[PDB]
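Chemist: Sequence, then structure. It's an experimental one.
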Amino acid sequence: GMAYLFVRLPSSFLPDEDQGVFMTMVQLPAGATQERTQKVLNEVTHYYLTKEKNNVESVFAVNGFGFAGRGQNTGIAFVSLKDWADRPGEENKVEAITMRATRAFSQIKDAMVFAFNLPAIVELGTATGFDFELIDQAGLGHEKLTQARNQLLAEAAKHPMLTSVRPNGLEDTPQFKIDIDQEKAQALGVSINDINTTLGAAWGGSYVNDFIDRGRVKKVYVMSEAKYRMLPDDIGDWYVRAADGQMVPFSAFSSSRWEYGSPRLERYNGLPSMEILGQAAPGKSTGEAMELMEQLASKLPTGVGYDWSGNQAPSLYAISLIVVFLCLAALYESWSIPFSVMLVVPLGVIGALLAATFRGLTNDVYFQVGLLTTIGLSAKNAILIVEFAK
Amino acid sequence: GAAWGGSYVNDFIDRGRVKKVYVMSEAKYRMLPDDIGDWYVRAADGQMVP
Amino acid sequence: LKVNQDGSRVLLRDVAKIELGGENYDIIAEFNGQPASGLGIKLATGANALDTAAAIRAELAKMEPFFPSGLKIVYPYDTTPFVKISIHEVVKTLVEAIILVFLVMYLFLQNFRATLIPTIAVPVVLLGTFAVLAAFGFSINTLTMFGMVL
Amino acid sequence: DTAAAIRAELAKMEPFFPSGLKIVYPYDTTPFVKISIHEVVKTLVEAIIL
Amino acid sequence: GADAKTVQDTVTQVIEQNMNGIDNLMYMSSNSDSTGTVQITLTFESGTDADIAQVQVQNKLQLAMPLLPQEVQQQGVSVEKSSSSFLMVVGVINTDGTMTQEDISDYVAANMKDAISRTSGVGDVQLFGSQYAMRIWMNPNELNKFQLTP
Amino acid sequence: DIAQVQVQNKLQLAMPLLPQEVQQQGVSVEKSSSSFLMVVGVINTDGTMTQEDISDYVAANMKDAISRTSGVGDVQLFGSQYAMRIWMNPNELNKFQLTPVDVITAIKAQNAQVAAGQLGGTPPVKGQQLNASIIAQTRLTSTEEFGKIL
Amino acid sequence: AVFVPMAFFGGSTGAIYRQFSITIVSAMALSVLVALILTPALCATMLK
Amino acid sequence: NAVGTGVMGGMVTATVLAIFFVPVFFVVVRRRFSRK
Ligand SMILES: O=C(O)c1cn(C2CC2)c2cc(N3CCNCC3)c(F)cc2c1=O
């Protein structure tokens, strides 16, 4: 029994617990603005302020800063839960708070918002979960690599004893490409220097110089009122001076056309890569899923490689078997006492398993050492049953 | 300097990895000292000079 | 910028609007749906954690007094009081595990003197572990505190 | 250990080589380490047996 | 200004080539954003000194420093200690003498922020808004009717 | 470890006292060991390529990683990495009336990447529905395109 | 003989299983030394 | 709860089993004596 009470008991690392403090991020579709995402951040903030007064003490919204990266797509609001005395029930604890919260954001919305117990753990080591990555080893482009990732994410979900796999954050939004015909430019009499710092110092921003403000030196930027750089028709508003002391429209030398680029290009180890955050199956666990994912990445096109309790214990406990017998003979020389104690091990451990298999515990770090201590007392007890009787 | 020796002008992209762009001259116009006169520089008054 | 033919002075204000504005309008914070800014301190790979955050207030303690009208501080997402509580609930267990041992000691040893030796044995053994793990490098971590208790 | 990891990093460039591109090893320290250990540990056992 | 492709191979790649010859290291990674913002991460072996390991990465970056756009050079190049996780995130609001989510972001970043990042081994401070800057908003029609450029 | 830092954080005070040709060139500070160990030859047999084609592919796939990997002081490269090489004919410059200064300037103008801003700017107008990055000039790709510089 | 051999930690499970045993392994030697010096002394001195 | 649930189980079952019933007696019997 003991064995089956242990192999079947699932293995975690360290238990995620209430911290009086959690958070939840936002993610809008391709090329959303600051005004669109701000509408969502309001709805998020108020599920916490009106439908969670008893629980929430104070929110702290932020618009344009996710933990993917940045941009007018992203967002996040930091929560600060009222202290634990005023929060009595299991429903008044973050397991249940992020349950009906995440439910609310998948219900009455048209974007993507989650919520999570801050991994008390460390960022890494979720257990039954992985972080895959897809390298372009050969001279393929970002567009060809993308297609291999669409075939990887497809094939895992095509036959998942499953898995749950998704990309990390390469939404792939369009971009307003402006081709400057170089021949045209110089015929009208303009320097390409001046043309580049028109489009650069108007639409984007340009660090010109520093000035003094109330003691502390700050910066001086130059751009343009919002309304002259909102849409692609406003490009023609800007007239540049030409050699022959007279203005020239952008449209003259300009060419307007859209394209499909990506707003964030990851690069793992000197080469372009794309992150693939997938988890272990609801049945399987890591070593299974991981090695059942290396065979799927090796079935992709050429020029596309990859790169990613503990195996710990197996060997650790091995020395726990060796040092015991010797210490069970440094005061107990015979080869009779060194096999007595050797049975109290699973005498007690069967129950340690049993108490944690019965309630909602797991094989985490505190339990794995709850075993070692259970054995140290098992030795004690038995060694008195021996030392005295010998 | 940019004929006989070499000059780091700018960087370009080649198959993903950014490399360099150099400028010089075919070997045969910089092998002996008589080939110095081959190079004519522009002068202020829009005309060449040996 | 220029002086056109008829000595008409073109200034920087005539061609453009000039206000003292933010350097970066990409992000905007609203504490409980009300406008505000703050400071989100991040740790330094190997920093002292609870001592860094204790000194976040120490340095911040002397900016407080020279604030103008209305400018006040407020605390969301804060680690501090979880440290405070895990110590307090473990040290609570410590004393409970003593007191409870003292009753089992009296139930078997009706001698009062006898329920006193083991009661006054392990108090010392715990302190030595603070003196030993301090000498080896460890802290009062979440881990080493359950190590006292276990 | 550096030279053992010269192969380790180099082990994953191997497979994506185009037609004809193959590796070869001149001037290499490795097998002298391999042999001096093997001839000394050989002496060790000889000195026991004897 | 720079888009995702510009930063990808004018700042990103330039460093990644000149980011070698360093002790203790399993991998590097990168994120080159469309806001014109790249940031590389090098993870080292467990127990390696973060004190020396910083120096090595940042005294090798600074060989590729003059291989970078001059816009980027005068911009903030930083090498710090990572810890993807905040702890103290001190909100700072107004109640009486009302000011905007921009006025506070400046005063916070012109009184307190400078000190915090320094103080007690703070890896790097985050600022929720931005410090003030003499902002100008060039009207294009007003530049044309006098005959001018940015 | 420390001795390197000291030499290279003192060199970099004389860094701006150097020719600009040298600054954009490779300044390096490394660990010496006048003695190779592994010198991995890399040849071709089937799909024949020259002693130049291989020197590039070696230095654009493996070299970057090796120098980094397991405390490699500095890597030697037996050949050179590729580079858009140009061979200015002097007679052909004279018969149109030109110099290498006009060739160099034409590459530092047409062959570059530019930081154009974005639609739906950092501070937009309230109610905009789009936000996408503008593209400008691109760093050139192939020989063909460097042949068509005006 | 079961604590310190398992206190040979590894990876991100470093101080994790390490501090695990040692803390209490330290507490074993301190409980032994007390059970060899103090607990004896006191027990003799004054038990009944 | 993660610590104590793991030990409580062990202890209940270590002692009430060892001291009585199963090995911790039954051992030295067939280990010391049995055959040698
Ligand atoms: O008993 C010991 O092993 C130590 C005792 N002490 C205290 C003095 C009694 C130390 C104090 C140290 N610091 C004190 C604060 N300034 C820096 C030095 C220290 F780093 C180590 C030790 C010991 O190892």
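Modeler: Sure, I can see it. Residues are numbered from 1 along each chain as shown, chains lettered A, B, ... in the order given.

Chemist: Can you identify the element that follows the helix or strand hosting residue C:72 toward the C-terminus?
Modeler: Assigned by DSSP states H and E, residue C:72 belongs to strand C:71-74. Using DSSP H and E, the helix or strand that follows strand C:71-74 in sequence is helix C:80-108.

Chemist: which residue ranges form the helices in the chain?
Modeler: Using chain A. Listed in chain order, the helices of chain A (DSSP state H) span A:4-7, A:34-49, A:94-105, A:142-158, A:182-188, A:192-203, A:250-253, A:287-291, A:294-297, A:312-327, A:344-358, A:365-387.

Chemist: Correction: the question concerned chain F.
Modeler: F:2-8, F:20-23, F:53-58, F:63-68, F:90-94, F:100-110, F:143-147.

Chemist: Just send these back as a markdown table, with distance to residue A:115 too.
Modeler: Every residue, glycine included, has its C-beta placed from N, CA and C. A markdown table is the format used below for the helices of chain F (distance: least, CB to CB, whole Å):
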| stretch | distance to residue A:115 |
| --- | --- |
| helix F:2-8 | 45 |
| helix F:20-23 | 50 |
| helix F:53-58 | 49 |
| helix F:63-68 | 39 |
| helix F:90-94 | 68 |
| helix F:100-110 | 51 |
| helix F:143-147 | 50 |
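
Chemist: closest one to residue H:26 among those?
Modeler: Each of the helices of chain F has some distance to residue H:26 by CB to CB; the shortest is helix F:63-68, at 61.2 Å.

Chemist: what does the closest one contact?
Modeler: Residues outside helix F:63-68 that contact it (CB atoms under 8 Å, 6 or more residues apart in numbering or on different chains): A:269-270, D:6, D:9-10, D:13, E:16-17, E:19-22, E:25, E:28, F:72, F:74-75, F:77, F:81.

Chemist: Buried among those? Make that a PyMOL selection.
Modeler: Buried subset of these, written as a PyMOL selection, criterion 16 or more other CB atoms under 10 Å in any protein chain shown:
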select buried, (chain A and resi 269+270) or (chain D and resi 6+9+10+13) or (chain E and resi 16+17+19+20+21+22+25+28) or (chain F and resi 72+75+81)
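
Chemist: Go through the contacts of helix F:63-68 and flag which are in strands.
Modeler: Using DSSP state E, residue E:28 are the members of the contacts of helix F:63-68 that sit in strands.

Chemist: Keep the contacts of helix F:63-68, but drop any that are not near chain B.
Modeler: E:17, F:81 (CB under 8 Å from any CB of the partner chain).

Chemist: ok so, going back, the strand holding residue C:72 and chain E, are they touching?
Modeler: Yes - contact of strand C:71-74 with chain E (CB under 8 Å from any CB) involves C:71-74.

Chemist: and of those, the nearest to chain A?
Modeler: Chain A lies nearest to residue C:74 out of these, by CB to the nearest CB, at 7.0 Å.

Chemist: What are the neighbouring residues in contact with that closest one?
Modeler: Neighbouring residues of residue C:74 by CB under 8 Å, 6+ apart: A:58, C:31, E:90-93.

Chemist: Next, format the helices of chain F as CSV and append mean neighbour count.
Modeler: Output for these, formatted as CSV (neighbours: other CB atoms under 10 Å in any protein chain shown):
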stretch, mean neighbour count
helix F:2-8, 12
helix F:20-23, 12
helix F:53-58, 19
helix F:63-68, 20
helix F:90-94, 15
helix F:100-110, 16
helix F:143-147, 12
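
Chemist: Using CSV, lay out the helices of chain A together with distance to residue A:239 and mean neighbour count.
Modeler: Formatted as CSV, the helices of chain A follow (distance: least, CB to CB, whole Å; neighbours: other CB atoms under 10 Å in any protein chain shown):
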stretch, distance to residue A:239, mean neighbour count
helix A:4-7, 77, 13
helix A:34-49, 29, 18
helix A:94-105, 48, 17
helix A:142-158, 36, 16
helix A:182-188, 11, 15
helix A:192-203, 9, 20
helix A:250-253, 8, 18
helix A:287-291, 59, 15
helix A:294-297, 53, 16
helix A:312-327, 69, 16
helix A:344-358, 76, 23
helix A:365-387, 68, 22
